[PDB]
Amino acid sequence: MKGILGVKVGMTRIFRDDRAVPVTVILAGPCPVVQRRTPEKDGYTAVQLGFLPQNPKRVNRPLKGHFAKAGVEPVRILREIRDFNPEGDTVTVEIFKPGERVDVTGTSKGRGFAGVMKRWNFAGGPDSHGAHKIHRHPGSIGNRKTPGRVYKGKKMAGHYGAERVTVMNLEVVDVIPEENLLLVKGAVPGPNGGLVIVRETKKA
Amino acid sequence: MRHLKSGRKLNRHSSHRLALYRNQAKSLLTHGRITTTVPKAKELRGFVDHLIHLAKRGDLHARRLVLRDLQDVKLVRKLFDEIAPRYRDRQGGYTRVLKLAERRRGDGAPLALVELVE
Amino acid sequence: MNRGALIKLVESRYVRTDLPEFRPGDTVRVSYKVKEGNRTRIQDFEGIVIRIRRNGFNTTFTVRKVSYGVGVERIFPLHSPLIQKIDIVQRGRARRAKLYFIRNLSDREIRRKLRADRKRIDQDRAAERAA
Amino acid sequence: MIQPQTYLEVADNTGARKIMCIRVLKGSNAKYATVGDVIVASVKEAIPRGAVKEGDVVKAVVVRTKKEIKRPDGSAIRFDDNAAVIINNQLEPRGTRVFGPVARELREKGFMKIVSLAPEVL
Amino acid sequence: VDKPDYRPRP
Amino acid sequence: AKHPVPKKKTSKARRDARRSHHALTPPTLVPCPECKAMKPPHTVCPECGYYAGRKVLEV
RNA sequence: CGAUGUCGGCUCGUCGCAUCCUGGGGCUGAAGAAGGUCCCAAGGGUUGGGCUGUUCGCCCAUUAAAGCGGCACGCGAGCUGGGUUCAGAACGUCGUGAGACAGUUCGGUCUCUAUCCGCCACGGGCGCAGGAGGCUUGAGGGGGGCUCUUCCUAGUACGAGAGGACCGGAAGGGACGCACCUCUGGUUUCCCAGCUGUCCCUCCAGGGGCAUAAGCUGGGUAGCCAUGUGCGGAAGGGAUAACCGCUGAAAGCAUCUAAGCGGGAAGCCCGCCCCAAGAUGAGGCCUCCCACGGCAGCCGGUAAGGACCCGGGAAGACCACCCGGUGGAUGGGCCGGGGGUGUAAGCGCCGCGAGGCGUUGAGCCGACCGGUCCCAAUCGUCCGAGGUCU
RNA sequence: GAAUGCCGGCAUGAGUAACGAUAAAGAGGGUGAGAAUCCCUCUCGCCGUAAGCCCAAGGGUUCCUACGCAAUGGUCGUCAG
RNA sequence: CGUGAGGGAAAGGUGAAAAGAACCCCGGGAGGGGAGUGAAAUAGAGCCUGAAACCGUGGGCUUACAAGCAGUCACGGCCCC
Ligand SMILES: [Mg+2]
Ligand SMILES: [Mg+2]
Ligand SMILES: [Mg+2]
Ligand SMILES: [Mg+2]
Ligand SMILES: [Mg+2]
Ligand SMILES: [Mg+2]
Ligand SMILES: [Mg+2]
Ligand SMILES: [Mg+2]
Ligand SMILES: [Mg+2]
Ligand SMILES: [Mg+2]
Ligand SMILES: [Mg+2]
Ligand SMILES: [Mg+2]
Ligand SMILES: [Mg+2]
Ligand SMILES: [Mg+2]
Ligand SMILES: [Mg+2]
Ligand SMILES: [Mg+2]
Ligand SMILES: [Mg+2]
Ligand SMILES: [Mg+2]
Ligand SMILES: [Mg+2]
Ligand SMILES: [Mg+2]
Ligand SMILES: [Mg+2]
Ligand SMILES: [Mg+2]
Ligand SMILES: [Mg+2]
Ligand SMILES: [Mg+2]
Ligand SMILES: [Mg+2]
Ligand SMILES: [Mg+2]
Ligand SMILES: [Mg+2]
Ligand SMILES: [Mg+2]
Ligand SMILES: [Mg+2]
Ligand SMILES: [Mg+2]
Ligand SMILES: [Mg+2]
Ligand SMILES: [Mg+2]
Ligand SMILES: [Mg+2]
Ligand SMILES: [Mg+2]
Ligand SMILES: [Mg+2]
Ligand SMILES: [Mg+2]
Ligand SMILES: [Mg+2]
Ligand SMILES: [Mg+2]
Ligand SMILES: [Mg+2]
Ligand SMILES: [Mg+2]
Ligand SMILES: [Mg+2]
Ligand SMILES: [Mg+2]
Ligand SMILES: [Mg+2]
Ligand SMILES: [Mg+2]
Ligand SMILES: [Mg+2]
Ligand SMILES: [Mg+2]
Ligand SMILES: [Mg+2]
Ligand SMILES: [Mg+2]
Ligand SMILES: [Mg+2]
Ligand SMILES: [Mg+2]
Ligand SMILES: [Mg+2]
Ligand SMILES: [Mg+2]
Ligand SMILES: [Mg+2]
Ligand SMILES: [Mg+2]
Ligand SMILES: [Mg+2]
Ligand SMILES: [Mg+2]
Ligand SMILES: [Mg+2]
Ligand SMILES: [Mg+2]
Ligand SMILES: [Mg+2]
Ligand SMILES: [Mg+2]
Ligand SMILES: [Mg+2]
Ligand SMILES: [Mg+2]
Ligand SMILES: [Mg+2]
Ligand SMILES: [Mg+2]
Ligand SMILES: [Mg+2]
Ligand SMILES: [Mg+2]
Ligand SMILES: [Mg+2]
Ligand SMILES: [Mg+2]
Ligand SMILES: [Mg+2]
Ligand SMILES: [Mg+2]
Ligand SMILES: [Mg+2]
Ligand SMILES: [Mg+2]
Ligand SMILES: [Mg+2]
Ligand SMILES: [Mg+2]
Ligand SMILES: [Mg+2]
Ligand SMILES: [Mg+2]
Ligand SMILES: [Mg+2]
Ligand SMILES: [Mg+2]
Ligand SMILES: [Mg+2]
Ligand SMILES: [Mg+2]
Ligand SMILES: [Mg+2]
Ligand SMILES: [Mg+2]
Ligand SMILES: [Mg+2]
Ligand SMILES: [Mg+2]
Ligand SMILES: [Mg+2]
Ligand SMILES: [Mg+2]
Ligand SMILES: [Mg+2]
Ligand SMILES: [Mg+2]
Ligand SMILES: [Mg+2]
Ligand SMILES: [Mg+2]
Ligand SMILES: [Mg+2]
Ligand SMILES: [Mg+2]
Ligand SMILES: [Mg+2]
Ligand SMILES: [Mg+2]
Ligand SMILES: [Mg+2]
Ligand SMILES: [Mg+2]
Ligand SMILES: [Mg+2]
Ligand SMILES: [Mg+2]
Ligand SMILES: [Mg+2]
Ligand SMILES: [Mg+2]
Ligand SMILES: [Mg+2]
Ligand SMILES: [Mg+2]
Ligand SMILES: [Mg+2]
Ligand SMILES: [Mg+2]
Ligand SMILES: [Mg+2]
Ligand SMILES: [Mg+2]
Ligand SMILES: [Mg+2]
Ligand SMILES: [Mg+2]
Ligand SMILES: [Mg+2]
Ligand SMILES: [Mg+2]
Ligand SMILES: [Mg+2]
Ligand SMILES: [Mg+2]
Ligand SMILES: [Mg+2]
Ligand SMILES: [Mg+2]
Ligand SMILES: [Mg+2]
Ligand SMILES: [Mg+2]
Ligand SMILES: [Mg+2]
Ligand SMILES: [Mg+2]
Ligand SMILES: [Mg+2]
Ligand SMILES: [Mg+2]
Ligand SMILES: [Mg+2]
Ligand SMILES: [Mg+2]
Ligand SMILES: [Mg+2]
Ligand SMILES: [Mg+2]
Ligand SMILES: [Mg+2]
Ligand SMILES: [Mg+2]
Ligand SMILES: [Mg+2]
Ligand SMILES: [Mg+2]
Ligand SMILES: [Mg+2]
Ligand SMILES: [Mg+2]
Ligand SMILES: [Mg+2]
Ligand SMILES: [Mg+2]
Ligand SMILES: [Mg+2]
Ligand SMILES: [Mg+2]
Ligand SMILES: [Mg+2]
Ligand SMILES: [Mg+2]
Ligand SMILES: [Mg+2]
Ligand SMILES: [Mg+2]
Ligand SMILES: [Mg+2]
Ligand SMILES: [Mg+2]
Ligand SMILES: [Mg+2]
Ligand SMILES: [Mg+2]
Ligand SMILES: [Mg+2]
Ligand SMILES: [Mg+2]
Ligand SMILES: [Mg+2]
Ligand SMILES: [Mg+2]
Ligand SMILES: [Mg+2]
Ligand SMILES: [Mg+2]
Ligand SMILES: [Mg+2]
Ligand SMILES: [Mg+2]
Ligand SMILES: [Mg+2]
Ligand SMILES: [Mg+2]
Ligand SMILES: [Mg+2]
Ligand SMILES: [Mg+2]
Ligand SMILES: [Mg+2]
Ligand SMILES: [Mg+2]
Ligand SMILES: [Mg+2]
Ligand SMILES: [Mg+2]
Ligand SMILES: [Mg+2]
Ligand SMILES: [Mg+2]
Ligand SMILES: [Mg+2]
Ligand SMILES: [Mg+2]
Ligand SMILES: [Mg+2]
Ligand SMILES: [Mg+2]
Ligand SMILES: [Mg+2]
Ligand SMILES: [Mg+2]
Ligand SMILES: [Mg+2]
Ligand SMILES: [Mg+2]
Ligand SMILES: [Mg+2]
Ligand SMILES: [Mg+2]
Ligand SMILES: [Mg+2]
Ligand SMILES: [Mg+2]
Ligand SMILES: [Mg+2]
Ligand SMILES: [Mg+2]
Ligand SMILES: [Mg+2]
Ligand SMILES: [Mg+2]
Ligand SMILES: [Mg+2]
Ligand SMILES: [Mg+2]
Ligand SMILES: [Mg+2]
Ligand SMILES: [Mg+2]
Ligand SMILES: [Mg+2]
Ligand SMILES: [Mg+2]
Ligand SMILES: [Mg+2]
Ligand SMILES: [Mg+2]
Ligand SMILES: [Mg+2]
Ligand SMILES: [Mg+2]
Ligand SMILES: [Mg+2]
Ligand SMILES: [Mg+2]
Ligand SMILES: [Mg+2]
Ligand SMILES: [Mg+2]
Ligand SMILES: [Mg+2]
Ligand SMILES: [Mg+2]
Ligand SMILES: [Mg+2]
Ligand SMILES: [Mg+2]
Ligand SMILES: [Mg+2]
Ligand SMILES: [Mg+2]
Ligand SMILES: [Mg+2]
Ligand SMILES: [Mg+2]
Ligand SMILES: [Mg+2]
Ligand SMILES: [Mg+2]
Ligand SMILES: [Mg+2]
Ligand SMILES: [Mg+2]
Ligand SMILES: [Mg+2]
Ligand SMILES: [Zn+2]
């Protein structure tokens, strides 16, 4: 159940057997394991990974202790991968070979307060024929006296994006260990520069 | 959304905003220091910096470009002969913006001074 | 890190430098590997290039030709391995980067708007004088 | 991107000149036909005494389109019109020549008879 | 089912 | 629309509960290191005209 | 009846199951394929069009299918206003008439501001017996749940023939969903060019305003995007429905059942994805501070830490979140690259001239990828444990 | 204690909608207890078969100057019908 | 208010006496704080009395796992006499 932290760098395509392959490039290596969570100690199993080096000037004292106890130089992000336990004290892109399928988790781009047409692909209202100031409105939200209320979960306008999203079963197109690059075919949540997690896929 | 868009709108349509900057340039290049609202000051920096840099180039081309925004032939001449020279060896950052402590009475707008640098 | 540099890095393995420079307006023949049955062959597509979108490794260019009465436009990645070669067959002088306006012009009218780019022709012949 | 109401030129000699799509035969509820797809169509304009006549409801395979088709090799091709060749229930042209180029896509979709009769395949 | 307005328009 | 309108007068308890967030926060002020007069941080001092160690403006 | 707005449509759903399809099954006057009929099944799905105000219905073209009902004949403080109920007008018809009709016809005022509950989002407060910075478990909840075609098996089983399988295995689609922006394709209010009229600068040349809240036109980076790209529905495990059994009495036979055991659905539980400890039942782990002064309490100064303030941000209505604050690349400038435009001005040459050619892929040049302390994030302030009892 | 009573006062909605044409503003100087809002200058924009000028109705001192800013001005006011 | 005929309000009270607050202080002023007057100044002219709704400051008790025609009965806690 291997996994790794990384940053989305950007997309392009490569050519592979006279085929254009759209890819997102992820900087993944190298992630120092900084804690192991164990069934005896913690009740479950996983690896806290760290990623990108941090200026010690900016690391407070409780954090420093945590890093110290690992003999690990301070790092900007800590995140766990569950049910993964690497033999090394460091995880790098090498844990993936081209051909493998992965799941990538990102924080999606933020749309802010979104209307119903962008959030939920509502149809909105006519643009003419008499529609009166309701071209992007949701329409009805209910019945009448029965039930006299609006369902929990009713799709409505509101904040949208900047959310955890995990896209699944992406092909690993290539891995360039010398530069800590993982090339995954397709699209990955969030902006370039955003933090992502690459896991072995759960599909078969 | 506004994702990675550069530029204030300052509640002006296109042609008014442009005039706002030019008139502010003429004023700043004229007096060396002016006061405005903080955000107007923050946009003036770049607008004027480019005109000063162009003045540092000195060519005829540069003058004719500067004259699109600034229009006053004497003013440009001051820019070219008096202003640009003091920045021959300065690399950008010919303007500075410092925030004033007192808000404006009639509308509470925060003020800042914008000035050409030494 | 430098994200731009890393993309350029991923891309460097696929970049080409063996292809001639050309501009919108030039007439060009692209010999393109093409798959059919059971073989692959080279098909030539020859026409005016009406667009070149630039984006480094991802720049693409569009070639327009008339084929048995019907206009056809083809869009090619400039760095595509499927391009065998490109031959410059004529240099045209455009005044515009994008030449969509010729989609509505007659063959006479096109020829009048895209006269031979006598400068870049001369320039072409002056190379092609080798050692 | 052919859809019901779309007029297509007919690129054969069935005598039909113009057909208007009335359905895309690609599943239960397809929004668009592209190259290699079969539509059902009305004949809106034909020449006198052909195989087909104005009013006929016929099938046709779309053979070139004004919306560009993209290809796995990263390229795309685009034609100046939307054209279809009229076929019978076994995908064979009801006509005997096909005019103008056609999209190679037809071949992988088993329109060999049409692909071969075509002056050009792009 | 068409049935008649029981109220007039406002 | 059909002109909505409050169905009951708001009780004093309710009105005042709504204002539970209405308190002003006092201006954040720091001493001016040249003249010791209180002022907003990041502003040229209006008392003495100093900022960043130097005399910025006539006061 | 001191008003419970009334048909149809749109929008948005949600439920029932007497199921239209898809899954499971018994019987068949079930050879096969296809059907009929009943049973189980509500997870998902259930198309586009012509007519008509229509609901309905008929019709065209498709489909796995084109289900039927409830929700104030769901939904007018959500839209419409074609239909019916006002005043005008006309036809038919009735009435001497004024006028009339569970007839027809053309026309005809649909109300910016949401208090409470409810719903979508976001915070502020307090709590979670020391105070803090991280990382987490998942009670519980939500999301999802569709399906077709072709090929192989095999032209095999079956069948006189036409036709044509079970099981198992491949490939390719439609619609839907989430994400994305490399490509394709949009936009890109000033990023570039061209162009007209007019006024102006400065006469020429070169420019500026205005013609829209871009004057017009040709283009167009980032961004945000779909028409573009990737991926999803599963697999799998468990328990079941109808239905099929094994073993088996009562009842020497028989019996799926009374004891016991098995098989068995798109359905159910788990599995996937997302929320989630206000889960007051307030969880856990790692790290940091410490037992300070005066009188489970008050007042004061601190600790770890936090906030304030500032520069900002693919975060954002405010708030929040995230990054940075000279021990600095946070924005602005400047430089380099990209990218757009498409060869500036000036000068020289040719031409009577409009123009042309060269200098020149020039000049200009948003946002992208970077560098660089030139400009600004100066200087600081205020909060903040001393840990209740068996 | 009620008559959608009468008269008056004061609440609620609420620091909410709004502040009356999307022709448009910016800076420097002056004045003053106080200035986005008054004066002056420069720059910018709008009208120009008018949004300029002259008559008649109607209005009735609103004209000019000095001194004022409680109220009137949808904000401010040192300004003003 | 209405073209007009015509309609048609609200609005009383310092104190015995103005003795109606000189002068100083803050403030542009308004306003207040002292001083002074008066038997009395929360009789200070926005003046006798000065109710109630309504707005506030300060104190006691109470309240952030709770379900409400708001009370009532009971017990307990805290605060006061
Ligand atoms: Mg993340
Ligand atoms: Mg956003
Ligand atoms: Mg909407
Ligand atoms: Mg959406
Ligand atoms: Mg959409
Ligand atoms: Mg729609
Ligand atoms: Mg629409
Ligand atoms: Mg419509
Ligand atoms: Mg209307
Ligand atoms: Mg509208
Ligand atoms: Mg209703
Ligand atoms: Mg109810
Ligand atoms: Mg958010
Ligand atoms: Mg490879
Ligand atoms: Mg991005
Ligand atoms: Mg917008
Ligand atoms: Mg940016
Ligand atoms: Mg902006
Ligand atoms: Mg701008
Ligand atoms: Mg403005
Ligand atoms: Mg505004
Ligand atoms: Mg604008
Ligand atoms: Mg303008
Ligand atoms: Mg304009
Ligand atoms: Mg710049
Ligand atoms: Mg400052
Ligand atoms: Mg401030
Ligand atoms: Mg003021
Ligand atoms: Mg890039
Ligand atoms: Mg060929
Ligand atoms: Mg006919
Ligand atoms: Mg309404
Ligand atoms: Mg409303
Ligand atoms: Mg309305
Ligand atoms: Mg509303
Ligand atoms: Mg209202
Ligand atoms: Mg009400
Ligand atoms: Mg009240
Ligand atoms: Mg109160
Ligand atoms: Mg309230
Ligand atoms: Mg009634
Ligand atoms: Mg009532
Ligand atoms: Mg009513
Ligand atoms: Mg009602
Ligand atoms: Mg009605
Ligand atoms: Mg329904
Ligand atoms: Mg049933
Ligand atoms: Mg079935
Ligand atoms: Mg059968
Ligand atoms: Mg049979
Ligand atoms: Mg059956
Ligand atoms: Mg169902
Ligand atoms: Mg359901
Ligand atoms: Mg249903
Ligand atoms: Mg029609
Ligand atoms: Mg219809
Ligand atoms: Mg109908
Ligand atoms: Mg009917
Ligand atoms: Mg079927
Ligand atoms: Mg239908
Ligand atoms: Mg009914
Ligand atoms: Mg109804
Ligand atoms: Mg209904
Ligand atoms: Mg209704
Ligand atoms: Mg309505
Ligand atoms: Mg209705
Ligand atoms: Mg309603
Ligand atoms: Mg209503
Ligand atoms: Mg209602
Ligand atoms: Mg609506
Ligand atoms: Mg009608
Ligand atoms: Mg009718
Ligand atoms: Mg009528
Ligand atoms: Mg009528
Ligand atoms: Mg009539
Ligand atoms: Mg008659
Ligand atoms: Mg009758
Ligand atoms: Mg009669
Ligand atoms: Mg009669
Ligand atoms: Mg009409
Ligand atoms: Mg009518
Ligand atoms: Mg009507
Ligand atoms: Mg309306
Ligand atoms: Mg409310
Ligand atoms: Mg309620
Ligand atoms: Mg909270
Ligand atoms: Mg909070
Ligand atoms: Mg645990
Ligand atoms: Mg759970
Ligand atoms: Mg709960
Ligand atoms: Mg076979
Ligand atoms: Mg046989
Ligand atoms: Mg599939
Ligand atoms: Mg791009
Ligand atoms: Mg694009
Ligand atoms: Mg592209
Ligand atoms: Mg494009
Ligand atoms: Mg420009
Ligand atoms: Mg312009
Ligand atoms: Mg001009
Ligand atoms: Mg000229
Ligand atoms: Mg002008
Ligand atoms: Mg004008
Ligand atoms: Mg204008
Ligand atoms: Mg126009
Ligand atoms: Mg034009
Ligand atoms: Mg375009
Ligand atoms: Mg444009
Ligand atoms: Mg773009
Ligand atoms: Mg799409
Ligand atoms: Mg299963
Ligand atoms: Mg048996
Ligand atoms: Mg037995
Ligand atoms: Mg027996
Ligand atoms: Mg049993
Ligand atoms: Mg069983
Ligand atoms: Mg069995
Ligand atoms: Mg089982
Ligand atoms: Mg399934
Ligand atoms: Mg979580
Ligand atoms: Mg907790
Ligand atoms: Mg948690
Ligand atoms: Mg509970
Ligand atoms: Mg906890
Ligand atoms: Mg901030
Ligand atoms: Mg911000
Ligand atoms: Mg910080
Ligand atoms: Mg600091
Ligand atoms: Mg920086
Ligand atoms: Mg920089
Ligand atoms: Mg470049
Ligand atoms: Mg370039
Ligand atoms: Mg040239
Ligand atoms: Mg030149
Ligand atoms: Mg000459
Ligand atoms: Mg550049
Ligand atoms: Mg450095
Ligand atoms: Mg300080
Ligand atoms: Mg009574
Ligand atoms: Mg009332
Ligand atoms: Mg009332
Ligand atoms: Mg009353
Ligand atoms: Mg009363
Ligand atoms: Mg009354
Ligand atoms: Mg009253
Ligand atoms: Mg009030
Ligand atoms: Mg507010
Ligand atoms: Mg409100
Ligand atoms: Mg509001
Ligand atoms: Mg409001
Ligand atoms: Mg109003
Ligand atoms: Mg407002
Ligand atoms: Mg106004
Ligand atoms: Mg206004
Ligand atoms: Mg307008
Ligand atoms: Mg001044
Ligand atoms: Mg003022
Ligand atoms: Mg003032
Ligand atoms: Mg001023
Ligand atoms: Mg103004
Ligand atoms: Mg003035
Ligand atoms: Mg005009
Ligand atoms: Mg004129
Ligand atoms: Mg008068
Ligand atoms: Mg007077
Ligand atoms: Mg006079
Ligand atoms: Mg006067
Ligand atoms: Mg006057
Ligand atoms: Mg005066
Ligand atoms: Mg006044
Ligand atoms: Mg005043
Ligand atoms: Mg005043
Ligand atoms: Mg007075
Ligand atoms: Mg007033
Ligand atoms: Mg006022
Ligand atoms: Mg007013
Ligand atoms: Mg004065
Ligand atoms: Mg006045
Ligand atoms: Mg009257
Ligand atoms: Mg009168
Ligand atoms: Mg009267
Ligand atoms: Mg009275
Ligand atoms: Mg008296
Ligand atoms: Mg008296
Ligand atoms: Mg005095
Ligand atoms: Mg004074
Ligand atoms: Mg006084
Ligand atoms: Mg006082
Ligand atoms: Mg006094
Ligand atoms: Mg006395
Ligand atoms: Mg006495
Ligand atoms: Mg008293
Ligand atoms: Mg008294
Ligand atoms: Mg009184
Ligand atoms: Mg008395
Ligand atoms: Mg009294
Ligand atoms: Mg009183
Ligand atoms: Mg009282
Ligand atoms: Mg109190
Ligand atoms: Mg509880
Ligand atoms: Mg409690
Ligand atoms: Mg009780
Ligand atoms: Mg008791
Ligand atoms: Zn100071």
# chains A, B, ... in the order shown; residues from 1 in each chain; ligands from 1

$ residues_near_ligand --ligand "ligand 52" --cutoff "12 Å" --atoms "only C-alpha atoms (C1' of nucleotides) and all ligand atoms" --output "MDAnalysis selection string"
chainID G and resid 15:17 19:23 41:46 67 145:146 266:267

$ interface_residues --of "chain D" --to "chain A" --cutoff "8 Å" --atoms "only C-alpha atoms" --output "ChimeraX atom specification"
/D:72-74

$ residues_around --residues "residue 68 of chain D" --least-positions-apart "4" --cutoff "9 Å" --atoms "only C-alpha atoms (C1' of nucleotides)" --output "ChimeraX atom specification"
/C:73-74 /D:1,76-79 /G:184

$ write_last_selection --atoms "N, CA, C and O atoms (P, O5', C5', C4', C3', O3' and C1' of nucleotides)" --output "PDB file, in the first residue's frame"
ATOM      1  N   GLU C  73      -8.376  21.060 -43.206  1.00  0.00           N
ATOM      2  CA  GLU C  73      -7.349  21.610 -42.378  1.00  0.00           C
ATOM      3  C   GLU C  73      -6.847  20.458 -41.523  1.00  0.00           C
ATOM      4  O   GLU C  73      -7.654  19.631 -41.078  1.00  0.00           O
ATOM      5  N   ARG C  74      -5.524  20.396 -41.329  1.00  0.00           N
ATOM      6  CA  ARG C  74      -4.852  19.392 -40.493  1.00  0.00           C
ATOM      7  C   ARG C  74      -4.051  20.099 -39.445  1.00  0.00           C
ATOM      8  O   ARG C  74      -3.379  21.070 -39.768  1.00  0.00           O
TER       9      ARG C  74
ATOM     10  N   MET D   1     -19.946  16.866 -35.276  1.00  0.00           N
ATOM     11  CA  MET D   1     -20.963  17.129 -34.308  1.00  0.00           C
ATOM     12  C   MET D   1     -22.192  17.430 -35.099  1.00  0.00           C
ATOM     13  O   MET D   1     -22.590  18.600 -35.238  1.00  0.00           O
ATOM     14  N   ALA D  76      -5.194  16.534 -35.496  1.00  0.00           N
ATOM     15  CA  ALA D  76      -6.605  16.584 -35.757  1.00  0.00           C
ATOM     16  C   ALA D  76      -6.749  16.978 -37.184  1.00  0.00           C
ATOM     17  O   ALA D  76      -5.818  17.536 -37.770  1.00  0.00           O
ATOM     18  N   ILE D  77      -7.883  16.597 -37.749  1.00  0.00           N
ATOM     19  CA  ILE D  77      -8.236  16.941 -39.103  1.00  0.00           C
ATOM     20  C   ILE D  77      -9.594  17.582 -39.054  1.00  0.00           C
ATOM     21  O   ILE D  77     -10.396  17.260 -38.178  1.00  0.00           O
ATOM     22  N   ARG D  78      -9.848  18.492 -39.990  1.00  0.00           N
ATOM     23  CA  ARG D  78     -11.101  19.245 -40.056  1.00  0.00           C
ATOM     24  C   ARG D  78     -11.461  19.484 -41.521  1.00  0.00           C
ATOM     25  O   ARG D  78     -10.590  19.765 -42.349  1.00  0.00           O
ATOM     26  N   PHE D  79     -12.726  19.348 -41.865  1.00  0.00           N
ATOM     27  CA  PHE D  79     -13.131  19.538 -43.250  1.00  0.00           C
ATOM     28  C   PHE D  79     -13.977  20.769 -43.351  1.00  0.00           C
ATOM     29  O   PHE D  79     -14.357  21.301 -42.338  1.00  0.00           O
TER      30      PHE D  79
ATOM     31  P     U G 184      -3.871  22.463 -29.998  1.00  0.00           P
ATOM     32  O5'   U G 184      -5.375  21.966 -30.146  1.00  0.00           O
ATOM     33  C5'   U G 184      -5.703  20.992 -31.114  1.00  0.00           C
ATOM     34  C4'   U G 184      -7.169  20.731 -31.088  1.00  0.00           C
ATOM     35  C3'   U G 184      -8.058  21.959 -31.106  1.00  0.00           C
ATOM     36  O3'   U G 184      -8.257  22.453 -32.413  1.00  0.00           O
ATOM     37  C1'   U G 184      -8.770  20.510 -29.409  1.00  0.00           C
TER      38        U G 184
END

$ interface_residues --of "chain A" --to "chain C" --cutoff "9 Å" --atoms "only C-alpha atoms" --output "number ranges by chain"
A: 8-15, 18, 20, 25, 27, 176, 179, 181, 183, 192-193

$ write_last_selection --atoms "N, CA and C atoms" --output "mmCIF file, in the first residue's frame"
data_model
loop_
_atom_site.group_PDB
_atom_site.id
_atom_site.type_symbol
_atom_site.label_atom_id
_atom_site.label_comp_id
_atom_site.auth_asym_id
_atom_site.auth_seq_id
_atom_site.Cartn_x
_atom_site.Cartn_y
_atom_site.Cartn_z
ATOM 1 N N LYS A 8 2.252 18.877 -7.455
ATOM 2 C CA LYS A 8 1.864 18.910 -8.856
ATOM 3 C C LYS A 8 2.732 19.985 -9.573
ATOM 4 N N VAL A 9 3.423 19.629 -10.642
ATOM 5 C CA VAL A 9 4.229 20.640 -11.248
ATOM 6 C C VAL A 9 3.546 21.216 -12.468
ATOM 7 N N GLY A 10 2.822 20.388 -13.213
ATOM 8 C CA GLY A 10 2.183 20.860 -14.425
ATOM 9 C C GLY A 10 1.900 19.749 -15.405
ATOM 10 N N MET A 11 1.165 20.018 -16.483
ATOM 11 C CA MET A 11 0.860 18.978 -17.474
ATOM 12 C C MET A 11 1.595 19.156 -18.797
ATOM 13 N N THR A 12 1.864 18.061 -19.503
ATOM 14 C CA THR A 12 2.056 18.110 -20.953
ATOM 15 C C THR A 12 1.673 16.811 -21.556
ATOM 16 N N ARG A 13 2.104 16.599 -22.779
ATOM 17 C CA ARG A 13 1.940 15.263 -23.283
ATOM 18 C C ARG A 13 3.280 14.701 -23.687
ATOM 19 N N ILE A 14 3.406 13.382 -23.651
ATOM 20 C CA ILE A 14 4.567 12.760 -24.227
ATOM 21 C C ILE A 14 4.044 11.916 -25.354
ATOM 22 N N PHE A 15 4.978 11.388 -26.134
ATOM 23 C CA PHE A 15 4.627 10.484 -27.211
ATOM 24 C C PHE A 15 5.109 9.096 -26.914
ATOM 25 N N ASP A 18 3.540 6.237 -30.921
ATOM 26 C CA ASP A 18 2.797 7.057 -31.873
ATOM 27 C C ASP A 18 1.466 7.500 -31.291
ATOM 28 N N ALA A 20 -0.183 10.380 -28.334
ATOM 29 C CA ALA A 20 0.008 11.485 -27.442
ATOM 30 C C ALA A 20 -0.549 11.087 -26.097
ATOM 31 N N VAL A 25 2.793 15.928 -14.388
ATOM 32 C CA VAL A 25 4.097 15.695 -13.800
ATOM 33 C C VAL A 25 4.096 16.016 -12.308
ATOM 34 N N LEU A 27 6.397 16.104 -8.729
ATOM 35 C CA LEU A 27 7.624 15.982 -7.946
ATOM 36 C C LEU A 27 7.319 15.231 -6.681
ATOM 37 N N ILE A 176 11.205 9.212 -13.292
ATOM 38 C CA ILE A 176 12.526 9.747 -13.543
ATOM 39 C C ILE A 176 13.230 9.955 -12.197
ATOM 40 N N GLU A 179 15.333 12.923 -10.775
ATOM 41 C CA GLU A 179 14.786 14.250 -10.608
ATOM 42 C C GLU A 179 13.544 14.190 -9.781
ATOM 43 N N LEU A 181 10.711 12.674 -10.300
ATOM 44 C CA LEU A 181 9.531 12.959 -11.087
ATOM 45 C C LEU A 181 8.744 11.721 -11.298
ATOM 46 N N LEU A 183 5.393 10.639 -13.562
ATOM 47 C CA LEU A 183 4.535 11.128 -14.649
ATOM 48 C C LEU A 183 3.298 10.292 -14.746
ATOM 49 N N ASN A 192 -1.166 23.731 -9.986
ATOM 50 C CA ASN A 192 0.256 23.551 -10.043
ATOM 51 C C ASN A 192 0.803 24.172 -8.775
ATOM 52 N N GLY A 193 1.710 23.464 -8.095
ATOM 53 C CA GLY A 193 2.306 23.945 -6.865
ATOM 54 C C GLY A 193 1.579 23.363 -5.668
#
